[PDB]
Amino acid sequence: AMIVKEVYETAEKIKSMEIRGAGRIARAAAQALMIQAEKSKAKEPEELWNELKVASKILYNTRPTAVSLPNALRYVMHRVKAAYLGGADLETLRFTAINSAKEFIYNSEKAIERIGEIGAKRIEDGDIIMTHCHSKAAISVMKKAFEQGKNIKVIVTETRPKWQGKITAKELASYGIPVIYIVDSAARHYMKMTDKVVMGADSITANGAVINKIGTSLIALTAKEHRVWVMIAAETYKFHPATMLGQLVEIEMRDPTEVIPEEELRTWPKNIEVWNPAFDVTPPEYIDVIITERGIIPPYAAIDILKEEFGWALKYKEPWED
């Protein structure tokens, strides 16, 4: 297949984390499919279809843990598959792909804005909020509550090894929100003064577990310990359909040099191994609510989001497979 440059570059940027965060990765995948479709020099429906399948596979094979990425490719490719198999001609097939992409992208933006509005109602004047990593859905909540006049402060954890917390601290301070920045290890120490914990998600499973940046689960555990509300801000496309049929979520292991720079690491002895898991699993007993664009649910209702939105597709193969 003739795959445009933009697919390869998007995929590279997803792998190296120049494009990061689960929502954004998903939109970048949709965007990459859109562009494959705009620029295809294919002449028959079958050549575009083959290109879109191949592009989808390229994009799916970047980072495994955030289900947002394949849910975006499915959103597009289910619709493209149905049009192709229904006898669509070339320009019809192209436009199904382009318009599906745009639609996912728009709904993603709108879901995040609505999660903001719903989640902000739970934030109260004077609240100290602790967060972790950098999540646009969680930030949407904190930004909105501040826009409503509530005087909040946010405790931002630095989020080793990639320092996502620096992104969050700078962004929240740019909206005028006072920030306290701490190392991850200090989360129990400051949990007494915290009123709420607001974090994002990469995948949410059928039984209510949340997969999110390495350390989330520790934060949640000590939050529960201290009876501090744990709120997870997550779009419907963070819910993981394959877990309904027993699939385990793969935890991505990333390069040890994100932890210890190559310069330093090559001087270390062989009998030291560096392990660098980028995500951990938080069980539902430590989460009080998930804030989606359709409402607040307990984590044990994740299964209902999945049955409503994604169950239908589980009988079929992935829409990009042969």
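The numbering used is simple: start at 1 and walk along the sequence shown.
**Q** If you take the mean CA temperature factor per stretch, which one wins between 313-321 and 1-9?
**A** Higher of the two, by average CA B-factor, is 313-321.
**Q** Please compare 210-218 with 97-105 and name the stretch with the higher mean C-alpha B-factor in the deposited structure.
**A** Per the PDB record, 97-105.
**Q** Please work out which residue in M253, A28, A42, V281 has the highest C-alpha B-factor recorded for this crystal structure.
**A** Of the options given, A42 has the highest CA B-factor in the PDB entry.
**Q** For the listed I118, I139, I232, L90, which has the peak Cα B-factor recorded in the PDB entry?
**A** Across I118, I139, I232, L90, the entry lists the biggest C-alpha B-factor for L90.
**Q** Taking only the Cα B-factors deposited for this chain, tell me whether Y84 sits in the lowest, middle or highest third.
**A** For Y84, the deposited C-alpha B-factor lands in the highest third.
**Q** In terms of the chain's CA B-factor thirds, is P64 lowest, middle or highest?
**A** Its C-alpha B-factor belongs to the middle third of this chain's values.
**Q** Sort the modelled residues of this chain by their C-alpha B factor and say whether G246 lands in the lowest, middle or highest third.
**A** For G246, the deposited C-alpha B-factor lands in the lowest third.
**Q** Which third of the chain does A55 land in by C-alpha B-factor: lowest, middle or highest?
**A** Ranked within chain, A55 CA B lands in the middle tercile.
**Q** Of the three thirds of its chain by CA temperature factor, lowest, middle or highest, which one includes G200?
**A** It falls in the bottom third of the chain.
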